[PDB]
Every structure is written in structure tokens, then in C-alpha cells.
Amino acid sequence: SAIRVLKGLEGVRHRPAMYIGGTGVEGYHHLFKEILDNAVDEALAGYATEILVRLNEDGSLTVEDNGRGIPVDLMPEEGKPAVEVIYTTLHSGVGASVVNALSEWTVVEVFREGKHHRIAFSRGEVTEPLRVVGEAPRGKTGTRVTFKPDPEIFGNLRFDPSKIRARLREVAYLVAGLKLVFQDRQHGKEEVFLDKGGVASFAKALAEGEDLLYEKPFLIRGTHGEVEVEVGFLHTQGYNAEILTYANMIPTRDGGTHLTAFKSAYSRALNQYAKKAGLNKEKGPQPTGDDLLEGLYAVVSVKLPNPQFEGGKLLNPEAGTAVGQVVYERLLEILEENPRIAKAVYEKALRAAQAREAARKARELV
């Protein structure tokens, strides 16, 4: 047929690394991350509140949400249900279709409009067309996708529960209040990932083993233009700063305009508060750049429509504007609402400046 070419799922099978990076352990897990990303988008939309990830006895993986359920409604242009189109077409749901193409089999179940639908595929093709298999409970809506990556592409590879667990933990911190459940039905473990603290609880976890300046982390949230900003932080009693940055749920190891803006707005807000609170001293050493960040453990998580990167690092000057505005404003309020912490944090910055000035004087003695 000419449709196999137009649907380009055969092209996914010939050139899989173009879609999943490779056919080793990482490419195998990108199939998982893609399915999860579709279930997560449903939580971000405000419909799904909990996600199940189940590693089955046969090595297959089930991803399920309690969202709206993939529309089963017949698309007029294609003359096929929306669920079928999304899983069989690259040129129209790209991610879902790549998983279908590269899996020996895929079963898509949809609980929608009081009905339980089921569609099955193998290597990109329909093996069972959409059909009502029964009634869904009165208030039950959602999607249940089960898939088995193709051994003709990946050989003897299998899912790694520690890699699944790491991603679910990250997602539970990036999407505050979303419950993600992991059931390993190959080894027998069952874990829950739920943190209403979000990026603030993530910042505290990043400080594990450290002496905390204060036990409860702070959370900054807000939107400026097309850029959505989320910041979690606390301080340790240490002198290093540790700032993890994310752009659209993926780690940005080389920072960018969101990191630069966070550091500037943070420093500006602390300086402004100290001035207004009378914490700053007239003479002596004044806390500069790094001084104002000592002991800071923070997580900066942004959402942008068209992000620009090298290779990593973020270039969007819009991201720099949005992080700046949201952080400066809310941090001023935090410091004001928690003057004991605010004073402890500024004192730390003052002591770093004092110790450097003391070290400079000791250098004269040589």
C-alpha cells in the first residue's frame, strides 16, 4: 500500500536513531519517556491527577492516566478514529506513532463517554481496529497504553526499573501534587511518587546530608508572557551554591538565560530587602556576587514555546525577562514574610564578605 509510506512508520523502523537516538538501553527507555510525556501533558492540561507505570511480568510496559482519555471520535479528513490516527501517523501524535512503529505490539485502551474502547497494533499496523469492549464505570475517564518494544530492533534489552523510578521521581517534583505509581511486576516492588512541595521539596532533596540553615523550603510560582516560572529553594550552612535548571521538564545542564536571570533576580531581591530592612552596614565589607548565593540550593523550572539551545544552554532573552520579574517580586515578599530567615540568609552573605576581607588583611602579614 501507498499509505505505509504516507504514514512513515516504515521509515521509523528503517531509521530508528533519528527518533530515539539509538537502539541501545537509552533508545529503549526513550520509548517509555515518550509514552509518559503524553500521559504527563494530560496532567499539565489539568485532567489527569494520577499516573500508573507498570512493568509487566512479560517485560511489557503499561502507562495509564485518569485523564480525559484519547478522543475515540472519528476524524473526518482521515475517516478513522482519532486514537488510530494518533498512533499510526507521523505526518499528523508523532511520539505515540514512533512507539507503535518500534514495538512488537501496542494495546491502547480508552475509558471515555461511559465506554471502554480498545485498539491494538503491531510494528505500526492495526491488528485490532477500535471497538467497545465494555462499559466504563460512571465517572471513569483515562487512557491505558501497554507496549512491548520490538526485539527485532532492540534484541534482548529490557526495561530498567531504576531508570523508570528516576524519571517518575523527577516528574513528581516538576509537576507538584501529581501522583505517579510504579508497580514492578517482574521483581515485586511497588513505589509511590507524590510531592505537593514540588521544586521546593526537590531543592531540599538536593541538600541531603547537609546541615540546613532552615528545614522548610520555599516555593516561587508565576507566569510572565509566554514563559511560565517555577523556583524551589532553601539554604544550607555550607558555602557552595547548587542550582539545577529545567526547561519544559528536561534538564538544562549548561544553564542559560533562565539560570542567569534567577541569579540576578535572587541577588537583587536579597540586596533590596537588606536595604529596606536596615540589615546592610554603612562601612566595612559589602556582600557582592557569589557572597549573596552561598549555601543556596535551588531548582529553576521554566516552560517556553520556542526554546533556543547550543547543542544544553538556553539563549531565549524572554526566559531571562520572565524568571527575573517572577523571582524578584515573590522573593521580596518571602523575605518580608520570614524576616528571621531573611536576616539569617543576609548575615551568611555578610560573614562570607567579612571572612574574605579578613583573608585579604592576613595576606599583608604574609
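Heads up: residue numbers just count along the shown sequence, starting at 1.
Unmodelled deposited residues between residue 311 and residue 312: 1 to 3, per the record. In this entry, residue 92 and residue 93 are separated by 10 or more residues of the deposited sequence that lack coordinates.
In this entry, the higher average B-factor at the C-alpha atoms falls on 280-288, of the pair 280-288 and 201-209. When the two stretches 302-310 and 59-67 are set side by side, the higher mean Cα temperature factor goes to 302-310. Comparing the C-alpha B-factors of 183, 156, 252, 146 in the entry, the top value falls on 252. Taking only the listed residues 170, 77, 104, 242, the entry reports the highest CA temperature factor at 77. Residue 271: CA B factor in the middle third of modelled residues in this chain (values from the PDB entry). Compared with the other modelled residues of the chain, the Cα B-factor recorded for residue 85 ranks in the middle third. Among the modelled residues of the chain, residue 318 sits in the highest third by CA temperature factor in this PDB entry.
Sorting the modelled residues of the chain by their CA temperature factor places residue 329 in the highest third. For residue 73, the recorded CA B-factor ranks within the highest third of the chain. Only modelled residues enter the ranking.
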